[PDB]
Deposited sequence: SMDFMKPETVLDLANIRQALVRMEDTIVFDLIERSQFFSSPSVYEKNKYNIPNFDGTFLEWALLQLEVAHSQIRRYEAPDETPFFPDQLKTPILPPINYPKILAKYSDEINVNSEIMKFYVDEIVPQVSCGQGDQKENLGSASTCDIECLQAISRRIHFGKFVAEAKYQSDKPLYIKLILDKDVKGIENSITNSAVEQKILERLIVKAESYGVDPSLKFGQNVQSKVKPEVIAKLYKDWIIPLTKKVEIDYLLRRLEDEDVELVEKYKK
């Protein structure tokens, strides 16, 4: 029932988990589409193409163009959108959506898109690609799929901000105590549910099978993305980084609280 014009429907743990489940499908679809192309080392080589006045990889350059264009139509006014190039965005040409306040004022500074870009290129691309290879005529196709994947993974991971804020407002006296202690381990314990995480991993295995296998053949019955690769993407990267976002958000949460935490400290 998530409605970003109604904060109470966004800061609802049941609505949040339902959206997270739906994001599993989105991410799996995007990886399956990226599995159409080879490892494509040229996409991720720094300045392989001497694009004038630009420094970086081809993927970074194509991502920068999309981000710049999407900033013109307010994509990063949304609280569930976190840009990879926050300093290079331009003023939108459409008037503001004017979202209600949901997250604390500093929330845009919680940005781990650099670590996402790093593990996506170094760990995921080699594992979801259909093979090792570099086809010049698929430079653009592969990098567009990369962008789709990168933006779905970044949305999922930075959704931890909504998880953290909803958890904060359900139990302010506990979290005020933890934040003033800087009890990083305590914060992690308060947000972690290992049993739920294992059941996410198991549902991902079945989604990779059901979405990644053509349902017309039962003679070449392999999934076009390895299910354990999908499960490992969450276990090793997406879930730990979501918690880092949540922890970093809470550690600064008293910056945007009334000094009536003198009551609870």
So which bits of the deposited sequence did not make it into the model? 219 to 220, 268 to 269
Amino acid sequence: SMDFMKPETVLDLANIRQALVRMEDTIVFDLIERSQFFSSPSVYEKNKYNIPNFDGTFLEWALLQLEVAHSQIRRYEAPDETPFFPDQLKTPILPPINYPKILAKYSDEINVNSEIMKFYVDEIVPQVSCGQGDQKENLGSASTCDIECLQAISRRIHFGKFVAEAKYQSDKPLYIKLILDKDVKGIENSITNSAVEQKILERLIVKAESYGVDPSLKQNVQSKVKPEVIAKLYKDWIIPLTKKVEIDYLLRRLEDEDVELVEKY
From here on, numbers count along this sequence of modelled residues.
Higher average CA B factor in the deposited record is what I'm after, so tell me if that's 150 to 158 or 124 to 132. 124 to 132
Do the CA atoms of 43 to 51 or those of 62 to 70 have the higher mean B-factor in the entry? 43 to 51
Thinking about Cα B factors across the chain, which third does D80 belong to? lowest
Third of the chain's Cα B-factor distribution that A104 belongs to, per the entry: middle
Entry-reported Cα temperature factor of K235, expressed as the chain third it lands in: lowest
What third of its chain's C-alpha B-factors does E165 belong to: lowest, middle or highest? lowest
What third of its chain, lowest, middle or highest, does the C-alpha temperature factor of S141 fall into? highest
